[PDB]
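Notes follow the structure.
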Amino acid sequence: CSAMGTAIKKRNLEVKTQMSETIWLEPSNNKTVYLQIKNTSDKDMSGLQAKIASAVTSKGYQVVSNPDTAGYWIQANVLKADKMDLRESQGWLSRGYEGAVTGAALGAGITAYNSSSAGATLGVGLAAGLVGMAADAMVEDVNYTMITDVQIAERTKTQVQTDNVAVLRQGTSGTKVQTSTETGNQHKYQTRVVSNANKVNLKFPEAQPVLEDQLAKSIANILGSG
Amino acid sequence: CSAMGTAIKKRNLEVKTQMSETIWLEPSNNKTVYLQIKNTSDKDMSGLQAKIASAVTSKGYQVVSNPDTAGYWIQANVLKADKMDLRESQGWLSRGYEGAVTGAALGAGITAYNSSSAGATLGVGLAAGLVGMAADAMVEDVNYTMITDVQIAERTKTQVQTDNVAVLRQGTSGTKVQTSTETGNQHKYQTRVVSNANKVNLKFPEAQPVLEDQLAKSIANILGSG
Amino acid sequence: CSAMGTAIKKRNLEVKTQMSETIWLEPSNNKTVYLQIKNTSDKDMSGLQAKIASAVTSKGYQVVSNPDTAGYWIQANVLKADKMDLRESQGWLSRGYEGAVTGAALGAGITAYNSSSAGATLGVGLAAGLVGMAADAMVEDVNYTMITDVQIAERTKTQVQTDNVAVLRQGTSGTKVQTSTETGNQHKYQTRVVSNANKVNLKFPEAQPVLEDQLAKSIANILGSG
Amino acid sequence: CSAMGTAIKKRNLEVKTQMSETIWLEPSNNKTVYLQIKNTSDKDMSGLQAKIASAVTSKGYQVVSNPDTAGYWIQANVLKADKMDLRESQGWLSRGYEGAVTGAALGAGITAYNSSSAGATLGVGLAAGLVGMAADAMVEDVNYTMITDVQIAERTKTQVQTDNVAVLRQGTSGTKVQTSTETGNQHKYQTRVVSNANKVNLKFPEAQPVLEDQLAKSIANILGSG
Amino acid sequence: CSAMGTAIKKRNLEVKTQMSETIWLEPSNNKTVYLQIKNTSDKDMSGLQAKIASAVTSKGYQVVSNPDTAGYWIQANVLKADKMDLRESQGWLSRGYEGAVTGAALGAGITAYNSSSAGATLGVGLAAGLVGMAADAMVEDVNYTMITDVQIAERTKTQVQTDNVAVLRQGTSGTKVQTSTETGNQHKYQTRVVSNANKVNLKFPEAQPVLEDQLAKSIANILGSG
Amino acid sequence: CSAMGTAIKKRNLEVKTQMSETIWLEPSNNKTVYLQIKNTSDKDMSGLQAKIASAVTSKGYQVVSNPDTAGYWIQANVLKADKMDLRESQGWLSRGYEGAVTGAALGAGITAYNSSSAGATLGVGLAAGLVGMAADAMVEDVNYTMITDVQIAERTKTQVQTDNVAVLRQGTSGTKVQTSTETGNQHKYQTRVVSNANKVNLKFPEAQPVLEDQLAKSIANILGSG
Amino acid sequence: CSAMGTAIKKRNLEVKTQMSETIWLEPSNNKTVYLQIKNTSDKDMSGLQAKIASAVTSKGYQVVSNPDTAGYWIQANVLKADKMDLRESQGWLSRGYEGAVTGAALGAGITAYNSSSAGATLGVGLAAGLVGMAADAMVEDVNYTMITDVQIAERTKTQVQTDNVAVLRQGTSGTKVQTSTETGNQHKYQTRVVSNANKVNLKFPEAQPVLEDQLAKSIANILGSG
Amino acid sequence: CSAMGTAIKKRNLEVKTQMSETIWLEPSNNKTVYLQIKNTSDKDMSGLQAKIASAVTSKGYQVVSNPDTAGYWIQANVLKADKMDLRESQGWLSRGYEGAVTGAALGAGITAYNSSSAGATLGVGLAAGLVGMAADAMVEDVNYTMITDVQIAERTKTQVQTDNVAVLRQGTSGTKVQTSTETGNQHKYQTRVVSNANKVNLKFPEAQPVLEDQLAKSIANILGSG
Amino acid sequence: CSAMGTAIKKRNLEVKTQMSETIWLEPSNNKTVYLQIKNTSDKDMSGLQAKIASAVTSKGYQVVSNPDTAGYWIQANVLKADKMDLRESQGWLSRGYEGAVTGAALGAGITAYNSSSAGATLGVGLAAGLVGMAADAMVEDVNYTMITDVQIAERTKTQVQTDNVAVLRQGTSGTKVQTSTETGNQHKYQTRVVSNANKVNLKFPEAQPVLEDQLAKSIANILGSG
C-alpha cells in the first residue's frame, strides 16, 4: 500500500533548516543587538522573536530596544510559507485508486463467509472499496516549506554610502526609477533561510514550535558564540 | 473514483497567501498610514480596504485620509483573478469517462434483480451511465488564483529623484518614449502577493472573506508590529 | 461521451477579465475624465463606451467631452477578438468518431426488437451512427478571447518630453526611422486587458453584455473609487 | 467519417479579422482622409478601397484626393494571401484511406442482396471503395489567410525627421547601405491585419465580400468614430 | 490508394504568389517606369518582361527605355527555381510499395477465373504487382517553388548616399572588404516574391504562363493603380 | 521493390541549377567581358569557359582577353563536387536485404516445377537470393552536387578601397593577421551556384554537358540580356 | 530484496570530505592562528572548534585568542546540512511494494503447513505482507550532506583595499546598493568543504565525531604541515 | 548479407577531393611558382610534391627553387589522415552476428546429407557458424579521410603588414601572448582540401597514387590555366 | 560471439597519429635544432627524444645542445595517456553474458554423450558457462589514446614581445593575475598530436615503439624535408 508505506516512512515530524549563504562578520567587541522580526506569511510564528532573543542572549550578547545605539541589527522576515503533498509527485496511485482496489478485493472476504448473497457481497464489496479509497485519499503526506529573509546590520567606523535604486513597474509599458543616496555607518548583509516540516497528516501548529526553535538558533548562530 | 477521490481530498477550503519578496523598512516613529486600495479584477473584494485598516490599527499605527501628511502609504491593487480546475491537468479521466463506466457497470445491477428484460436492462444501464458521467463531470475541483500588487511609500528626509520612463508601444513599428523627472521625499517599494483558494465545487463568495483576511494581514504585516 | 461531458461541464457562460499589469496613480483631486474608446475587432462592443462612462461616474468622476481640460484620459481600444474550440485541443475523439460509435452501437437496438432484417438493421444502424456523429460534431465548446489595449493619460505639473521613435519597415531590406520631440504635461501609461467568454455552442451576442460590463468595470477601477 | 465530420463542423463560412497592434491617435479636429490601397496578392480585393471610403465617411471624416492637404493618410497594402487545407494537419486519414475503407465495406452490401457472384461483388466493392476514396479526398477544408499592411500618416505641427536607412543585399557577400534624411510634418505609424476565411470546399470569390467588409471596418475603426 | 488520393486532390494546377514585405511609395506624379528583368534560374520566363510592361501600362504608367529619365525602376531577378515531390514528405508508402500490393492482390483475380494454374497465377500476379508499383511510382505530385528578387528604385529630390560595403570571402581565412561611397537621387527598396505551382505530374511549361501572369501582376501592383 | 521504385522514379537525368543570391547591376553601356574560369574540383568541366563565352556573346556583350580594359569580369570557380546515394538516406532496405528476400522467395519457384530435390531447391534458392541481393545493391541512385563560386567585377568611376584582411591560422594557438589597402575602380560582388544532377546509376560524363550548359546560362544571365 | 541489498551495501558508515578548490599560501614564518568557527546548521558540531585547534597545533602553529595579532585567521562556518534517502532515487520499489510482495508470498507458507484454513491463511498472509512492507519501508538509506564555508585570512605587508559592494534586494522592484572602502593588511581567501555521511538507518550523532574529525583535518591541512 | 552487400556496393576504389573555399587570384603575368609541401600525417604521400610540380608546369608556370624571386608560393601540408570503417555506423549486424547466423543455418545442410549424426551435425554447424562470423567480420568497408592545408602566397606591389599574434597556452591557468609586426610584399591566403578514399578492404598504398593525383590537380588548379 | 568478433576485427596493432593544426614555417637556411622532450604521462616513451633527433637529422638539420644558438626549438611534452575498452561502448553483451550463454548451451553437449546424469550435466554446464563468461570477459579490446603538446620556436630578426598573463585560481573566490613583458627574437607556435593504439588485449610496451616512431616522424615533419 502506497498510503501505508507513506504513513510508515514519514511517521514522525522531520524539520530541516538551511541557511542560503554565509554572512562573514569580523571579530568585534559589540554586545548590543536590536531585533526586528516580521511575518508576512499566512502561518503563525509569534514566538520567533522571543526565541531569537533568548538564543542571542545565551551567546553573551545583550538585546536592546534602541536601534540607533545597537552594534548589530537582526532584521528577519518570515516571508513565505507553502504546504504541499509529496505523494502527488507520483501522479496517479495517490488519489485512492489502489486504496479502492485494496478493499474491493477485501469485499470478496464475505463470499467465503456467512453470507454469499450476490447482492449482499456486491454491496459489502462496494462499501469496502469506498472506505478503502477514502482512507487512502485521507493520508496526507504534508510538507510545509517556509522562506525567511534575514538582514544583519553591523555598525562600523567606515562611511557606507547607500544608493537606493528602485525600478517601479508602471503598467506593462513604463518604469519609474527612484534614486537616492544616503550616508551612514552600517554595513547591511542579507541571507535566506529555508525551513521544511514533513510528516503524514501534519498540522502546522504541531510543527511550529520546533520550526521556530531551529530558525531562531540558526539566525542567532549567524552572530556566533561571541 | 477520481471524482470521489478529489471530493474527499479537497473537501474543505484551503487558502494560501504568499508575498513575493520582502520590503525592508527602517525602524521609525511614524504612526500615520494612508491606504489606497483598488480592484481591477472581476472578483469582488470590497472589505479588503477596511480589513487592512483594522489590521494596521491593531499594530499601533493610525490610518489617515490625507496622503500628504502620512508617514506611510499602502497602495494595493488586486490586479488579477483566475479560476481553474486542477482535475483537467490529468487530461482524460476528467470528462466523465470513468464516471460513466462506473454506472454503466452499475446498470448491470438490474439483471440479477427483479427485471432482467434486455430492453429494460439496456435502458437502465444507459440511464445509470449517463447519470454517472453527469455526476463525475459535475465535480469541479476549483482553484482561484489572485494576484495583488502592493506599493509601500515611506516618507524620508532624503531627496528622492523619480525618473518616469514610459515606452508606449505604437502599432507594431514604433514607440513613444515619455521621460520626466520629479523630486520628492518618498521612497516607493513594490511587491506582489499571490493568493490561492482551493476546494471542490468552490464558489468564490465563500472564499472571499478568508482571502481578504489573509491578504490584509500580510499587507499590514509588511509594516510589522510597530 | 466527450461531447456530453463538455456540454455538462461548460453549460453556463463563464466570463473572465484579467488586467495585465497595474497602473499606479497618485492620489489626486482631479474629477474630469475624457473617454476615447475604439474597436478594431470583428466583434461588436458598442455599449462599452457608455458602460465605462457610467462606471466612472459612479466613482465620483465627471466625464467631459473636451480632451484639453480633462485631468484624466481613458484611451481604450478593443484590439483583437478570436474564437476557438477547446475540444480540438484533444485532437481526435472530437470530430465525431466516438459520437459515431455511440449510435452505431445503438443501431443494434433494432435487432433485438420488432425488425431484425439484415438490410433494415444495417440501414438503421448506419443512420443512427450518422446522426450520432453529426450531434457530436455539432457540440461546439467555444471560447472567445478578446484583447483590449488601455492607455491612461494623467495631467501633471511636470514637463513631460515625448520622443516619438517609429521604425517603419520598408520591403525586407530597409527601415525609415521617424523621430520627433514634443513637450506636454501629460503622463501616459499603458496596460492590456484579456477577456475570455467560454460556453458550449456560445454565440457572441449572448456573451457581449457581460463582457462589456466586466471590461468597463475593470478599466474604470483603474481610476479607483475616488 | 473524418470527411463528414469536417463537412459538418465547418459548414458555414467563418471570417476572422485581427489587427496586430493598436495605433494611438490623439483627439483631433482633422476630417480629411486620403486613401492609398494596393494589392500585391494573387487574390482579388477590388472593392476594398470603396468599402474603406464608405466606412470612413460613416464616421464623419471626408475622403479627399489630394494627399498634401489631408489630415490623415490610410495607406493599406493587401500584401499576402495563402490557401491551405487544415485536414492535412492530421497527416494520414485525410488522403481518402478511411473514405476508401468506408465503401469497400459498403461493397459487401451486395453479397447479402440480389447478386452475390464473387466477380460481381469484387467489382462492385472495388468501385464503391474508389468512389468513397474520391469523395473523401474531394472534401477540402480550406482556410484562406490574408495579410494586410496598414500605414496611418497623421499630419502634425511637430517637425518630423525621417532617416531612410536601406540595407540592400548584394550577392551573398555585400550590402549597399542607402541613407537619406528628410523633414516633414507627418507621423507615420504601421500595423498589420490578419484575415482568415474558413469553410469546407470554400472558393475565394464567396469569402471575398465579407473579407473586404471586415478588413475595411477594422482599418476605418483605427480612426475611431470621430 | 495514396497515389489515387494525390491524383484526385491535386488534379488541377494551383499557383500561389506571395510578396515577402510591403514597399511603401509616396503618392507621386511620376509616370515613367524603366524595367530591368533578369532570369538566373534554370526555368524559362521569357514573357515576364512583356507581362510586367503590360500590367504597368494598364495602370497609367509609361514604360521607357532610358534609365536616367525614369521616375521608377522595376528591377526584378527570377533568382531561383526548385522542383520537388511532396509525396516524398511521407517517406515510405510513396515508392510504390502500396501500389505493388494493390495489384499483387489483384493478381489473385485470375485464380477464381478461367486459368488457376499455379505457375500462371504466380506469373500474372507478379506482372500485375510490377505494373501497380510502376503506376504508383509514376504518379508525381510536383511542386515548383520559384524565388524572385525585386528592387524598386524611386527618383527623389533628396540626396541619397550609397555606401557600398562588400565583404568578399577569400579562402577560409580572409576577407577583402571593398568600401565606396556614391551620391544620387534614387531611393532603392527591395523585396522578394515566392511563387508555387502545384499539380500531379506537372510539367513546368504548362505552369509557366500563369506563373508569369501572377508574378507580373504582383510586381506591377507594387506601384499601385496610379 | 525499393530498387525498382528508385529505377522507375529517377529514370531520366534531372539537373537543377540554383543561384544563391542576386547580384544587382546598374544599367550600363559596357560591352566588354573578361572571363576567368577555374576548376578546383575532381570532376571535369572543360567546356564551361566556352559555353559561358557563347552565352555572353549571345546577349550582345563582347568577350575580351585583356582584364584591364574590360567593363565586366566574370570570375568563376567550380569549387566543389560531391557524389552521394540518396537511397542510403533510408538506412536499411537499401543494402540488398529486400532484394535478397525477393529472389529467396523466387527460389521456391523450382519446388512446384520440374525438380523439387531438397538440395537442388536449396541451391537454386540461395543462388537466386544472392543474385537478387546483388541486383538490388547494384542499383545506384546517384546525386552529384556541384558548388561554383562566382565573382563579378564591374568597372566604375567611383574610387573603391579594398581592405585585405587575412587571418591565417597558425597551429592551434596563433594567427598571423595580414592587412593591406589598395585603391581601384572596380566593384566586386560574389555569389554561389549550386548544381545537382540526379539519376539512377548516373555516370558524371553523361551529366556534364547539361550541367555546364545550365551553369553557363545562369552565370551569363547574371549580366542580363544587355 | 532491494532493502536487503541496501542494508548489505551500505552496512558501515562511509564519510567523505572534499574541499572545493585550493588556497595557495606562500611559505611563511607565521605561527599564530585565530579560529572563528560558527554553525548555522540544524545539526550539531560543537567539537569542531577544538578539533581544528588540536590539528593546527599538531602542525607547529599556535592558536591565539587575539585576532589583531594573529598571522592567520581560520574562519569557518558549517553553513548547511541536509538529510536524504538515496533509495528514493529509484522511485517505486522503495515504498515497500516489493517488501510487501515478499511476505505476501511467505504467507502461503502456512497453506502447506498445519493450518490451511482459507480465512486463516488469508489473515496470516495479509499480516505477513504488512510486516514485510513495514520492514522494507523502515530501511532508510540515509545520506547527510554538510556544507562548510572556510575563509582564511593571511596577514601581509602589502596594503589590501577591500571594496564592500552589497546589493540588498528590496521588494521585487529595487535594490539598495551599499558601497564602502577599507584598507588593511590581510588577504582573505575563501573555499568550500562538502562532507557526506552515508549509512543504512544512520543517525547523525553517530556520524558527527568522524565528520568533525575529517573536516577539522582538512581545514587545518589548508595551512599545511608548517 | 550485409557484408556481401557492402562488398558489392563499394567494390571499386572511390576517391573524392573537395576544396573548402575559393582563393581568388587577380589575372597576373607571374610565371614562377615555389613549392613547399610537407606531410605531418602517418600516411605516405611522397609523390605529391612532384605531381603538383608537373601539374603546375602543365599550365605554363615555371617551378623555381628560390622562394624570394617567386611570384607565387604553394605551401601545402598534408596535415591529417584517419581510417574508419563505415559499417560500424550500423552498430550491430557488423560484428559478425548475421554472418554467424548465415552459416549456423548452413550447418544444417549436413543433416539432410550423408551424415546426420547429432554430434557430427553440431560440430559442422558450429564450425560453419564460426567461419561465417569470421568472414563477415573480415569484410572491412574502409574510408580514408585526409586533411590538407594549402597556403598560397602571391607577390604584390602593395605593402602588406603581418601582425603575428600567438596565444600560447600555459598550464590550465595562463597564456603567453606573443605579438610582432613585419612588413612585406606578399599576400597569403589559406584553404583546406578534404580527400576521401573508400573501398572494401582497402589498403592505403592502393589509394595513394590516385589520392595524390587528385590532390595535386586541385592544388594546381587553384592557380588556374594561366 | 561479440568477443570473437572483436578478436577477429582488431587482431593486429593499429596505430594512428594525427596533428591538430598546421604550423607554417617560412623557407629558411637554419639548420640547427634544439630538442626539449618531456613526458608527464604514466606511460613510458623514453626513445621518443632519440627518434625525433634521428628523424630531424635525416632531413639535413643538425641537433644542437645549446638552446641560445639554435635556429629552431622543438619543445614536446607527452602530456596525457588514457586506456579504454571500446567494447564497453556497447553497454551489456560485453560483461560476459553472451559468453556465459555460449557455454551454458555447450554444457548440454554432455547430455547427448557418455554421461547424462542430471547432477553431472548440471555441473558440467555450470562449469562451461563459467568458463565461457570468463573467456568473454577476458577479451579486452583496448585503445590507448595519447596526447602530446608540441611547441616550435623559430628564431627571427623581428622583435617579438611576450606578454605573460597568468590567472592563478585562488580558492573558489579569487584570482592572482600575474603579468610580465619580455622581448626576444623567437616566434613560438603550438600544436597538438593525438595518437591512438588499438588492439585486442593490447599491452602498451608492444605499442610503444611504433607509437614513438609515428610521433617522432610527425613532429620532425613539422620542419619539412629542408
Side-chain angles (χ1 to χ4, degrees), chain E residues 34 36-42 49 66-68 73 75-83 85 88 91-92 94-97 99-100 118-119 122 126 129-130 133-134 136-138 140 147-149 151 162 164 166-171 173-182 188 190 192, chain F residues 1-2 4-9 14-28 90 93 106 109 112-113 149 151 156-169 175 177-178 180 182 184-191 193 195 214 217-225:
Chain E
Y34 166 81
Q36 197 211 58
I37 318 293
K38 312 174 138 161
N39 190 347
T40 60
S41 70
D42 30 354
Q49 219 264 33
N66 196 353
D68 314 299
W73 286 10
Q75 267 177 323
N77 184 48
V78 187
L79 162 80
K80 259 189 292 190
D82 201 359
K83 156 180 172 174
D85 172 286
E88 316 212 338
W92 91 300
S94 97
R95 319 321 155 101
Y97 283 144
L122 177 273
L126 229 41
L130 250 53
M133 188 215 47
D136 182 334
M138 278 216 199
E140 260 313 2
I147 296 208
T148 308
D149 287 334
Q151 171 155 157
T162 313
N164 188 331
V167 187
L168 320 168
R169 140 172 317 131
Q170 182 73 263
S173 86
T175 52
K176 311 188 150 269
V177 182
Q178 277 195 344
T179 56
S180 72
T181 298
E182 289 137 317
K188 276 171 172 76
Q190 275 173 3
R192 165 160 297 182
Chain F
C1 208
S2 173
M4 254 300 201
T6 282
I8 280 291
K9 218 92 193 169
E14 208 248 338
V15 179
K16 308 196 295 189
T17 298
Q18 304 167 352
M19 190 152 291
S20 214
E21 325 260 0
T22 294
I23 290 171
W24 299 103
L25 302 181
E26 295 254 308
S28 177
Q90 322 156 358
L93 300 193
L106 261 275
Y113 200 83
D149 287 334
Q151 171 155 157
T156 56
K157 287 305 188 343
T158 300
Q159 289 287 90
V160 189
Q161 157 171 331
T162 314
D163 278 331
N164 188 331
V165 175
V167 186
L168 320 168
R169 179 217 308 300
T175 52
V177 183
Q178 277 195 344
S180 72
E182 298 146 290
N185 45 26
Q186 228 173 0
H187 277 118
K188 276 171 172 76
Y189 322 110
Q190 275 173 3
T191 202
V193 190
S195 302
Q214 284 199 350
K217 273 183 185 70
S218 182
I219 293 174
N221 281 348
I222 275 175
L223 291 203
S225 318

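Note on naming: letters A, B, ... go to the chains in the order of the sequence lines (proteins, then strands), and numbering restarts at 1 for each one. What's counted below: heavy atoms across the whole structure, side chains too, no hydrogens, waters or symmetry copies.
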**Prompt:** Where on F:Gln178 is there a heavy atom nearer than 4.5 Å to chain E: the side chain, the backbone, both, or neither?
**Reply:** neither
**Item:** Short side-chain to backbone donor-acceptor contact, F:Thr191 and F:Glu21, under 3.5 Å
**Value:** yes
**Prompt:** What part of E:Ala166 gets closer than 4.5 Å to chain F, counting heavy atoms only: side chain, backbone, both or neither?
**Reply:** side chain
**Prompt:** Taking side chain as C-beta onward, heavy atoms only, is E:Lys188 less than 4.5 Å from E:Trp73?
**Reply:** yes
**Request:** Mark yes or no for whether E:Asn164, through its side chain, and E:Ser180, through its backbone, hold a donor-acceptor pair below 3.5 Å.
**Result:** no
**Asked** Which heavy atom in F:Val15 sits nearest to a heavy atom in E:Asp42, and how many Å separate them?
**Response** O-OD2, 4.2 Å
**Message:** Heavy-atom pairs under 4.5 Å with chain E - which of F:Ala220, F:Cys1, F:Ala112 has more of them than the others?
**Reply:** F:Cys1
**Item:** Engaged part of F:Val193 at the chain E interface, taking heavy atoms whose separation is under 4.5 Å
**Value:** neither
**Prompt:** With a 4.5 angstrom heavy-atom cut-off, which part of E:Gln36 approaches chain F: side chain, backbone, both or neither?
**Reply:** side chain
**Fill in**
Looking only at E:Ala76, E:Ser41, E:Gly91, most heavy-atom pairs under 4.5 Å shared with chain F are made by E:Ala76
**Item:** Non-neighbouring partners of E:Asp82 that pass side chain to side chain donor-acceptor pair (under 3.5 Å), sequence neighbours left out
**Value:** F:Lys16, F:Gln18
**Message:** Suppose we screen for side chain to side chain donor-acceptor pair (under 3.5 Å). Which residues come up paired with E:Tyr97, at least two apart in sequence or across chains?
**Reply:** F:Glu98
**chain F contact via E:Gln49 - which portion, at a heavy-atom distance below 4.5 Å** = neither
**Item:** Proximity breakdown for F:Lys217 and chain E, heavy-atom pairs closer than 4.5 Å
**Value:** neither
**Item:** Interface residue of largest heavy-atom contact number with chain E, from F:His187, F:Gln159, F:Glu182, under 4.5 Å
**Value:** F:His187
**Prompt:** Side chain, backbone, both or neither: which part of E:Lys176 has a heavy atom under 4.5 Å from chain F?
**Reply:** both
**Asked** Heavy atoms, side chains only, cut-off 4.5 Å: are F:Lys9 and E:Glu140 in contact?
**Response** yes
**Item:** Which atoms of F:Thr162 approach chain E - backbone, side chain, both or neither, heavy atom under 4.5 Å
**Value:** both
**Message:** When you compare the side chain of E:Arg95 with that of F:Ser2, does any pair of heavy atoms fall below 4.5 Å?
**Reply:** no
**Request:** Side chain from CB out, backbone as N, CA, C, O: work out which of these in F:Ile222 comes under 4.5 Å of a heavy atom of chain E, or both, or neither.
**Result:** both
**Complete:** When the 4.5 angstrom heavy-atom criterion is applied to F:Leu25 and chain E, the contacting part is both
**Request:** Begin with the C-alpha distance, continue with both residues' side-chain angles, and end with the deciding distance and a verdict on side chain to side chain donor-acceptor pair (under 3.5 Å) for F:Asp163 and F:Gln161.
**Result:** CA-CA 6 Å; F:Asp163 278 331; F:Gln161 157 171 331; 2.9 Å; yes
